[PDB]
2 protein chains.
Amino acid sequence: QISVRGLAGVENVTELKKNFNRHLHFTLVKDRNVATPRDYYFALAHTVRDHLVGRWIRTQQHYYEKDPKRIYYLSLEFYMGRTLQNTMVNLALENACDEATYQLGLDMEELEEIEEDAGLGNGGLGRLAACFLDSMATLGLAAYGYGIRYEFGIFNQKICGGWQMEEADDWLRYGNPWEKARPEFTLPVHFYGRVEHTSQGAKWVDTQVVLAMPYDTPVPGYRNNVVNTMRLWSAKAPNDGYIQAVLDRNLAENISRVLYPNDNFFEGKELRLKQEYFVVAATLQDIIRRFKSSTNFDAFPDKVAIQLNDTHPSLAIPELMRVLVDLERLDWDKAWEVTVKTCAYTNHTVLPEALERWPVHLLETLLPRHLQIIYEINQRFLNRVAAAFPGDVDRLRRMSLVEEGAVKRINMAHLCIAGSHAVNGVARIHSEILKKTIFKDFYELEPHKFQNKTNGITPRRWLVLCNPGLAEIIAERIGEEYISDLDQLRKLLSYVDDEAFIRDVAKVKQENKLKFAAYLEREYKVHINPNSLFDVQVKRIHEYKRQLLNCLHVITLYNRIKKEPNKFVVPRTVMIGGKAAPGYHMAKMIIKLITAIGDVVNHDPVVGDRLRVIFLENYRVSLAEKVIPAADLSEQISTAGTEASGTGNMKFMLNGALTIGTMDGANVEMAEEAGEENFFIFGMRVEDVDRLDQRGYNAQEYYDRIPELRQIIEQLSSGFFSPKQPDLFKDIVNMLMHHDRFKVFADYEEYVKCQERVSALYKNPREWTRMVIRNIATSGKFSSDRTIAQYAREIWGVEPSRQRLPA
Amino acid sequence: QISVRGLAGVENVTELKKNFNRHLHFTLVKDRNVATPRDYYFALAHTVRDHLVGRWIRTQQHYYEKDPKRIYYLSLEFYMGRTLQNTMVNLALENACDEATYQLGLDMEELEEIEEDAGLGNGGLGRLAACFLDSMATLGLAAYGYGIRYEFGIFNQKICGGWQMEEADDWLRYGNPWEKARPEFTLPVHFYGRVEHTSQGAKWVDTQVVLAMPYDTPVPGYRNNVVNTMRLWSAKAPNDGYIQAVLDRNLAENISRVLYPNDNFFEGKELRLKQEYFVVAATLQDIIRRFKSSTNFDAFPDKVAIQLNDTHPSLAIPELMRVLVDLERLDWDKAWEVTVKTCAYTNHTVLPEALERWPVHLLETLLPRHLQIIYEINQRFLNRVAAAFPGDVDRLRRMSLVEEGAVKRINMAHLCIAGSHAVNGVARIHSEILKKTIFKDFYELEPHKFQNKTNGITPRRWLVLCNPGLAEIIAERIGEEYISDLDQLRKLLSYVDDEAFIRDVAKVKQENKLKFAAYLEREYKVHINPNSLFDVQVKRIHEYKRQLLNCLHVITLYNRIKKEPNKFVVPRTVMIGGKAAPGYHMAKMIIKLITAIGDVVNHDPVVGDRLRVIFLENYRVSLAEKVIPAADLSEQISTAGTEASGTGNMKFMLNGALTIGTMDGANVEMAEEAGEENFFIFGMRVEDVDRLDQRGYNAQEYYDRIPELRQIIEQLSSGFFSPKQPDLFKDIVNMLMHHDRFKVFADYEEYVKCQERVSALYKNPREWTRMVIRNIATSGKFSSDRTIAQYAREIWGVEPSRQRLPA
Ligand SMILES: O=c1c(O)c(-c2ccc(O)c(O)c2)oc2cc(O)cc(O)c12
Ligand SMILES: O=c1c(O)c(-c2ccc(O)c(O)c2)oc2cc(O)cc(O)c12
């Protein structure tokens, strides 16, 4: 049908069809008279998964045979999304399956909508894990993803009366055809107990046991026959009155029941700590077994890299030490050398509320041996700080793994830096901020530890998959190589005055917009004007991301229209979407304000279809693949210094939106790649935020000097956006006026003015589209292949590769 | 290899082999270098299940097409055992798979030992359900089994220090290849709430919802291409702080977590009541849907029979009424007519402690609408009793569904009789006892309600499967027809003086004994003498079954040997096995006494291999298939009047053991079938037990008059069988001396004397074996095909059939 989708070979189609029917009859036990589309999806899913197994067994067999260094990507979150399309695309079976399902009288796309997201993540950090597994398989690395198989992923969000309601994300209800259960490789994990010193060694005794049962999911590289593994652990009660004892097996099985729904926020809950130890202990036994199956650990860092995605599996460090010292009888010093050289740590935020700082009492109880090891680590590490900086005792107290206070805590970031050979941030500004501020003392001690690794996104899911029309028009001019060599998109600059390309680019955007508008009307009965500018902010709801600043802009547009009804303005559909953490009262109030603004704006007959505001419900990876290709303006308006990188930013750039943003995170590099003249950059830079902090931020000043701002705040206080409950938003108002950590009012004027520049350009379609070309053509750096190649060469010590395995 | 096992066709073998390899590669994702026997079992299991699906879909499709009356067998227990061998035998694929697995270098029998029992039952009543599904499919009935899919079946029993220890029967750990999940046919069940009377009707509102998810298992008939369904419901929380709310989904899912482990004993636990309503509500919605999918219910009893296996799903009666009256708007009278004609009830014991008698307060809370309906039922039913027996008010209070007392209760048996058109016992003596005693008032009101249906066992599992050697020697003389026409075994009487048959019968027994002895030594390192008489009592541990009486006999044999060491006695290996309910202190003490007797007996050098006592651990359906074909003497020694039927009795008769027993349950019919002269019948008859009850049972009398008995009791009291804990068995002694409901001492002398007759015969091998022939040849009545044909003609109103469906 379209070329980037591959060949619908005649044998291939004929084979797929009968394999479809075979699974429908034997696997599903259905005939065509009773089968639902759901059965059809599953038949197709089984059929497609059979095409991997040959490669899946050979890839793993090949790593047994050639013994390369193995990379273990350890994360509490893998935000995988759907798997069916992605698997077809990476195996080159998309047109063949589309034709085969067509010949059976089925619409493949309709079938794809049946698959549940594997929503085992919150947002950026979990999706990065997902993009990384893709890129590592595409670059031929012997890489494993290790995580938890949550029974319930990130909650499904409903909006009732304009408010978020959470419900269980029961993603496994109808089964998961992609995973293979491996109960035969189940492993014991220990909790509680107490420590005995004998000789030989310390001994961790009287523990409770939880079993960890692995489930393996395949991870296919792009057209290279590589199929790596994502292994996720599931919690199981041990083998060994009566009814209550059987029922009490749930307590241990609750360890993998549900993903904690906090994006960038630390809650010190014991269950969360258990989940972190559970993934770390099970994983490290796997790693060690595999290493032995090729008891002298000199070579262990040449054969193993363990990458820590945030501090969440930071326990890997004292766990590896525990195994090496207590079970393998290595001297401490050798063990530590091995540990540091095996581990590396990635930081994803500088915001203090995200820092993991576990109470010492809690670790003492749940993991007594690990606390002792942490103390010994801290002593030797601070001994090093003393030798390097004699007499600097404040530096000692600041660098310590132990925080003194009402409650003594362990700082997990400090543990990670001490126990890792490399520490990285996720965009250049962020990595520099780390060296200047929170990790400055650690930087001065060990400067060659500290690196940058700018994030990326996979151009498979985030272009070929979600926007096949754009991928096609690009392939038509430059071939298909850019798909795994995204720097080739720079060749599109030579088309910035090509009339046919300019036309094709606009036509593809317009098709994405028409299609997205159809989705909304079909699945939610909401009418959007398809000739409006699609203005979109999609990401988790937080104060630092400044959805409220968007809110102030939206209401400004409304009040401007009402003051001068007859003045032309570019129509917009302003879309905001994302989940709030269940406990974050402020976040929930903001979602409510967005829907409340909609209640006025969308029913004002003077405004009509010139301005609509909609809250996109249940933002998740599959909804991202729909709305991002339809977008005109990408809102990326975080307070300078707060967004470590962002990745949603990159998706929009890749898919033909222009960006309005602050110089924060990877926005800085994106503007550098495209030319600043091709970005709507506004607001304080980091330096200016600091100057404001030095002086004191006083919101009242901005209110007193900006009449349009004053009018919005008064509308909020007096009840204009909540007539029945006039004080409904007093908490938002008070925060804005007196406790705004993110300085919303200080960027208001520059933001509104920059938004005027956006509209001005949109009035000139031709020049809008030429600027878009200049963005797409410079998005190549933001491929996760680039990012992962940098991890492999600069941290892991492995060489990536583009060569096929046998067919 | 052997003929009854079927043809190893060359194409068939070639096809099985590649399907084996296909599943190993695609389903299991394994190659032959890493595969465990466990993987091989699963590959074989998937391969074998593919051979059913053609027939499975056509059978169900055929019942849609011909609309016969459907039979719904409703039970809280389906004691299915293993499925792999049974499926091969019923499809005629046993030799073909054996040859195919042989050609792959695999031992099929070894593979079969990997499969877990589906142990979703306690004992007799659950196995009967299992045998019935087999026989109904073999007789061509459109029959469904409806039950609960317990996550944990009957507990696995370990014996530590001679004591029972229970652990979770985690039967689903490695998956179940036989079932197909049907989450798409999930259904809501309601609990709690309260009743509103509007008009139209009563309304049950404010309920909590539990979802019921069906899993379908195939049930293949013997070589007739019929494949019926066993549907088992599994509990699921409804779709709709946050973490605790997700975790609290377990409370509702606990409904199907674990089988209650009480054999013949009522515990009034709310969770058990919930399980009973859950199976009944889900099942009845299925039934009604299916009936509508062919809203006038005149024909509903012509299209539906619901059979109640004990009172456990007795709620079916007020549930069917609730649906018909409240949801379908039928007048009460018509609804009741439909209900009585749809339902029938099977009783399995007369022991009062087994009677379900639920507190009115509990039903009021959990099932308010059902309590009201029960009250209305009771009123109209007692109105009938008054018209038939004017002025007999004691009869009214005795017959009432409501028991008055400190706690008001509902008598579920009384509900069943009132709401059913047929009530049956499970052996002729038992059915007569019901009419004479506990149900006498109900018999006088409605005599044509009351029937007998003598139990049976399936000759597939219980002969062809478990004892292929015996089945072969029988087939060699009479052909294979007896396999589904077990009355043909009477032709074996003409061989009672055939020298070759006498030899073959003894040779087969001897092979079963050698093999069982090998099992015990391999899997437990216990040495048994294979030229000893294998004396076996296997069944649940209860006082009424009188394992203690066996205990007294065993110790008598020991004391006799010690008193006269040089006198010849026939060597025996005395085997006792079975589970005690976790809470039944007495039952647990008895298991302990058996092992304690072993501790003395088996280490006395004067006894040596002349007498051994072993406690067979973890008696379950698969262990029954091993030990029953190896047995010489079948112990069936319950107090006359207490064992409603028994079915273990029948297994032993079928498999070439002779029986020592009381005239109780189906023992009476078995002796009638074979001739009493071919049974070791001893002890009080029912009549004699009654006379003893009239006079008062005084144990002391038997103790004072029987020196050998006195010596055993003194050995028990003084600590001979527990030197370290001399008073260990004082509770057993005291029960025997002062509270023995089952009158152990009263049958002691006759039992010991009858056991002397057994030994005397065993000394004459030829005449032992001729008596065995006379037993086997008269076991035909005890086929479950016979039983089910009687249910179909005399209760359900359907005609059984022996004809094939298309290939
Ligand atoms: O807008 C979209 C839409 O509605 C569907 C869809 C949903 C349900 C169905 O049953 C169906 O056939 C298609 O898919 C999409 C896929 C995209 O990549 C982008 C989109 O904008 C849509
Ligand atoms: O005694 C028996 C025995 O040991 C086995 C067995 C167990 C484990 C194995 O691995 C194996 O190959 C065979 O099966 C049996 C099957 C019967 O029907 C009867 C028996 O008496 C045995």
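Residues numbered from 1 in each chain as written, not as in the entry; some residues may be left out. Chains lettered and ligands numbered in written order. Heavy atoms only, no water.

Topic: the site of ligand 2
Residues and elements named next belong to chain B.
- In the vicinity of ligand 2, the contacting residues are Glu 110, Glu 113, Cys 466, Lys 515, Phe 516, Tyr 519, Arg 522, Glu 523 and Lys 626.
- Take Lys 515: an N or O atom from its main chain is 3.0 Å from an oxygen atom of ligand 2.
- In the environment of ligand 2, an oxygen atom lies 2.9 Å from a nitrogen or oxygen atom belonging to the side chain of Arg 522.
- Burial of ligand 2 by the surrounding chains reaches 80%, relative to a free accessible area of 470 Å².
- Element by element, the count of residues in the shell around ligand 2 is highest for helix α21 (residues 499-524), at five residues.
- When its residues are assigned to classes, the shell around ligand 2 shows three nonpolar, no polar and six charged. (Near = heavy atom within 4 Å. Polar contact = N/O pair within 3.5 Å; in protein donor to acceptor, adjacent residues only side chain to side chain. Areas by Shrake-Rupley, 256 points an atom, 1.4 Å probe, with all protein chains shown as cover. Helix = DSSP H or I, 4+ residues; strand = E, 2+ residues; numbered from the N terminus. Nonpolar A, V, L, I, M, F, W, Y, C, P; charged D, E, K, R; others polar.)

Some words on the site of ligand 1
Residues and elements named next belong to chain A.
- Lining the immediate surroundings of ligand 1 are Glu 110, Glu 113, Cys 466, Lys 515, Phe 516, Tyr 519, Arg 522, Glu 523 and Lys 626.
- Interatomic distance of 3.0 Å between a backbone N/O atom of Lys 515 and an oxygen atom of ligand 1.
- Interatomic distance of 2.9 Å between a side-chain N/O atom of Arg 522 and an oxygen atom of ligand 1.
- About the coverage of ligand 1: the protein hides 80% of its 460 Å² of free accessible area.
- No other element matches helix α21 (residues 499-524), which puts five residues into the shell around ligand 1.
- Here the residues of the shell around ligand 1 are counted per class, giving three nonpolar, no polar and six charged.

With respect to the interface of chain B and chain A
- Each side of the interface is counted separately: chain B has 52 residues, and chain A has 52 residues.
- Taken together, the links from chain B to chain A amount to six salt bridges.
- Taking the shortest distance from any N to any O, the salt bridge between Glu 184 of chain B and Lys 30 of chain A comes out at 3.0 Å.
- At the boundary of chain B and chain A, one finds 10 residue pairs in polar contact.
- Of all the elements in the fold, those that place two or more residues in the side of chain B that touches chain A are α1 (10-27), α2 (37-66), β6 (163-167), α7 (242-247) and α8 (249-253) of chain B. (Contact = heavy atoms within 4.5 Å. Salt bridge = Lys/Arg side-chain N within 4 Å of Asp/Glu carboxyl O.)

So, the sheet that holds strand β23 (residues 633-636) of chain B
Residue and element names in this part refer to chain B.
- The six strands lie next to each other as β22-β21-β20-β23-β24-β25, forming an open sheet whose pairing is parallel. Where the open sheet ends on each side, the last strands, each with one partner, are β22 (611-616) and β25 (680-681).
- Direction of pairing for β23 relative to strand β24 (residues 658-661): parallel, over a ladder of four bridges. Bridging across to β24, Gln 636 finds its partner in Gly 661.
- On the sheet, α21 packs against β20 (533-538), β21 (572-577) and β22 and is oriented at approximately 65° with respect to β22.
- Its contacts with the sheet put helix α23 (residues 585-601) on β21 and β22, and the angle it makes with β22 is roughly 145°. (Pairing = 2+ DSSP bridges. Axes fitted to C-alpha atoms, helices over the stretch in contact; angles between N-to-C directions.)

Some thoughts on the pairing of strand β12 (residues 227-236) of chain B
Residues and elements named next belong to chain B.
- For β12, the buried fraction is high: 10 of the 10 residues fall into the buried class.
- The pairing of strand β4 (residues 143-148) with β12 spans five bridges and is classified as parallel. Along β12, the bridge assignment pairs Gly 145 with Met 230.
- Pairing between strand β11 (residues 208-220) and β12: 10 bridges, direction antiparallel. Across the sheet, the residue bridging to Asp 216 is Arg 231, located in β12.
- Between β11 and β12, which pair antiparallel one after the other, the connecting turn spans six residues, and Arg 223 there sits at a positive phi close to 45°. (Buried < 20%, exposed > 50% of the residue type's maximum accessible area, 1.4 Å probe, protein only.)

Considering the packing of aromatic side chains
- Using the criterion set out here, one finds 56 aromatic pairs over all chains in the structure.
- Between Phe 297 of chain A and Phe 300 of chain A the ring centres are 5.7 Å apart and the planes differ by 50°, which places this aromatic pair in the tilted class. Here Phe 297 of chain A matches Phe 300 of chain A in class, with each residue buried.
- With centroids separated by 5.1 Å and ring planes inclined at 20°, the aromatic side chains of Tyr 72 of chain B and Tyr 144 of chain B adopt a geometry described as stacked. (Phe/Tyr/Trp six-rings, centres within 6.5 Å; stacked < 30°, edge-to-face > 60°.)

Here we look at the environment of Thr 14 of chain A
Residues and elements named next belong to chain A.
- Within the secondary structure, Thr 14 sits in helix α1 (residues 10-27).
- Under the relative-accessibility criterion, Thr 14 is labelled partly exposed at 49%.
- Between the C-alpha atoms of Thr 14 and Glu 65, which are 51 residues apart in sequence, the distance is 35 Å.

A few points about the pairing of strand β23 (residues 633-636) of chain A
Residues and elements named next belong to chain A.
- Side-chain alternation along β23 places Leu 633 and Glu 635 on one buried face and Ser 634 and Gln 636 on a second face that is also buried.
- Pairing geometry for strand β20 (residues 533-538) and β23, over two bridges, is parallel. Across the sheet, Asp 535 pairs through a bridge with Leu 633, a residue of β23.

Remarks on the relation of the copies chain B and chain A
- Overlay of chain B on chain A (RMSD 0.0 Å): rotation 180°, translation along the axis 0.0 Å. On the angle and the small slide along the axis, the relation comes out as a two-fold axis. Scanning chain B for the C-alpha nearest the rotation axis identifies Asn 250 of chain B, at a separation of 3.7 Å. (Least-squares fit on C-alpha atoms.)

Overview of the domain arrangement of chain A
Residues and elements named next belong to chain A.
- Domain parsing of chain A yields domain 1 (1-456 + 784-807) and domain 2 (457-783).
- Between domain 1 and domain 2, the residue contacts involve 58 residues of the former and 57 residues of the latter.
- Together, the buried faces of domain 1 and domain 2 total about 4800 Å²; carbon and sulfur atoms form 53% of this surface.
- Among the residues domain 1 hides against domain 2, the three largest losses belong to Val 4, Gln 157 and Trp 163. Together they make up 13% of the total. (Domains from an automatic or database assignment. Buried area = accessible area lost by both parts, 1.4 Å probe.)

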